[PDB]
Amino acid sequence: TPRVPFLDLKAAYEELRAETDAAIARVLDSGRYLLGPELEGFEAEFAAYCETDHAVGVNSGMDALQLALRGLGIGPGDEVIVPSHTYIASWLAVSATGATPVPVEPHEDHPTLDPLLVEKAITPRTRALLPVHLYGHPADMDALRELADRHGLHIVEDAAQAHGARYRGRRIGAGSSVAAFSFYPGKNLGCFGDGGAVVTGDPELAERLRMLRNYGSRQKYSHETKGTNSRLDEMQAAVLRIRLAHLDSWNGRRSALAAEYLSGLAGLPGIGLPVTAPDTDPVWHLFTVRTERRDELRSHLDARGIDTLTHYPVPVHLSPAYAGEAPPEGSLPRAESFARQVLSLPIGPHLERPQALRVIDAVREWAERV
């Protein structure tokens, strides 16, 4: 009867209703709604969660990336290697600093930056690499780091889709990393509105960020540098604190589901599945499949009362937004292929097994018929 929802947000509030309500009531009653104890508590907790020393809360994953770059001196004339395969914000953030986004294709087997391709894209104007741990899968960080070192580049990770994921046993955002996260409601760790953060081991970068996000000031009405307004609300921070506490458990639920999908969709002719890189603990922000006749598969599922989505329908390079400025069509085949064949299957910490089985059955069904 009822459809399989793509991702149930309300279920996330439902599960922790009492604590959530109390957290909000608390904020409401504090009389402090910006840059207070909730933000400070969350930052500390998140940073620790991430196995690093600093966290700076902001308004969105897009701002975190932008401010991270700006904070590393990134600007006009600079080149930033970005994924040709990712959510547009990745590029926009770069574009926002005046810098130039230079797309690099994903590895042939994993939706992350291909390091060898990366190397070949590096030019004398390159100043930073911007790997995206797409769908909750970590990019080959050791290879990226080697490259960056060897070439004197910074590394800003787009971890908006990988909260709590591990790379070779270390969380994404650990140590000397510089990673941007999104707290958008639908992210693996979400709140009740827009939010984001930058995590880093660098106390200096951290401080620049604190100024950056707050009108370039550390002291009221003391504008030492040009800044903006990109803060994480206390109210949102409060909830985030609750949710963080449940992140590994929630994440584990997705992993189970992912294991279910992998086995249950194994063999299917014409249906490509995700190949987890070794030495990694992905967080399955999205469970993706690939096929020719993706459109037909979606309709089929739709018709079967299954909610689906495509991440993403148009490759960044081909969006009107960047059209006249990025590589021509056919010049980024992998991102292009992804756009035509990819489909996201319901997944989340509130999806019941029976519903995942329904999904599987319907996929097999279609797969089989075609």
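Residues carry their position along the shown sequence, with the first being 1.
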Higher avg CA temperature factor (84 to 92 vs 116 to 124, as deposited) belongs to 116 to 124
With B-factors read from the PDB entry, the higher C-alpha mean of 165 to 173 and 143 to 151 is in 143 to 151
From the entry's CA B-factor values, the highest among 39, 69, 332, 62 is 332
One of 98, 272, 252, 196 has the largest Cα B-factor in the entry, namely 98
Residue 284: CA temperature factor from the record, placed by chain third, in the middle
By the entry's values, the third containing the CA B factor of residue 105 is the lowest
Quick tally, chain-level thirds of C-alpha B-factors: residue 308 sits in the middle
By the entry's values, the third containing the CA B factor of residue 190 is the lowest
Tertile call for residue 50 (CA temperature factor, within chain, third-based) is the lowest
